[PDB]
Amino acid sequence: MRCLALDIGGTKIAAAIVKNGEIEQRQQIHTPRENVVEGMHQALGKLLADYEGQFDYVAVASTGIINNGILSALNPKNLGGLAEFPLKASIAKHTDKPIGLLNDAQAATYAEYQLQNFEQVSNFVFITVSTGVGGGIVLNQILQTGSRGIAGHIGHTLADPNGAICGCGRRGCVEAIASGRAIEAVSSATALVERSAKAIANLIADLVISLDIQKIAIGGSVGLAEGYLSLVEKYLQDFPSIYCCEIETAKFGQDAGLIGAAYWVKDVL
């Protein structure tokens, strides 16, 4: 049908009309860095004005833990210090069409999985390495969300018990070491990108041995970066082969959240 898709990230908000699977009227605005609550409300109202009368429903792919129309920030530092935002309510102010909501990496995992050889890939993870580090887990071709929408927050699993404190409050999260935010927090060389890639290869090994994942797609601004995937591949062959699996770049690229949310909201009516 006709979908209004939002992809709220810590750095960018995207928006588009997914119609019969195709992205039409793409926009991309900065995510507010200050006055964030006021800013999120103005941005959502603007974006909903722009697409007035062209959608049957609203699908939202949002960074953070999404449960009961509420965005809870595991890492408030991705959302400009914001802890929580009444995401569905704020959107319902502007339309009475249905509104469905999903974590941003869960939505992207749904998108990329649709492109899988469904019978020979039943356990699949998509990893975003962008502003933060996010993930989604499909197991027996079912997307995990959890009772609370937490499933997939693989960026806040342990990369190093002696590493930086993460913005979530935990020490040594993968996101605290590998993410875009973590990379440019130190640069203010090549060796920086390697530390990020090695941490992501450890996370891949972890998900393989823990969940018997058969395939992993990598996305996000850092993940899709020319040369990154090959660096993660190089670190994966230090492991015993049992930890290896095939890694490919996300094929929807930066649109995977839009299409995933659009198709996910539809496909669980």
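Start at 1 with the first residue shown and count on from there.
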Deposited but uncoordinated residues in the residue 188/residue 189 interval:
10 or more
Average Cα temperature factor in the PDB entry - higher stretch of 114-122, 140-148:
114-122
The stretch whose C-alpha atoms carry the larger average B-factor in the entry, 229-237 or 201-209, is 229-237
The largest CA temperature factor among 62, 35, 214, 42 is found at 35
Using the entry's values, work out which of 106, 90, 75, 131 has the largest Cα B factor.
131
Based on the deposited C-alpha B factors for this chain, I'd like to know if residue 262 is in the lowest, middle or highest third.
middle
If you rank the chain by CA B-factor, which third does residue 47 end up in: lowest, middle or highest?
middle
Should residue 156 be placed in the lowest, middle or highest third of its chain by the C-alpha B factor in the entry?
lowest
Quick one: classify residue 218 as lowest, middle or highest third of the chain based on its Cα B-factor.
middle
Consider only the C-alpha atoms of the modelled residues in this chain, order them by B-factor as the entry records it, and name the third containing residue 9: lowest, middle or highest.
lowest
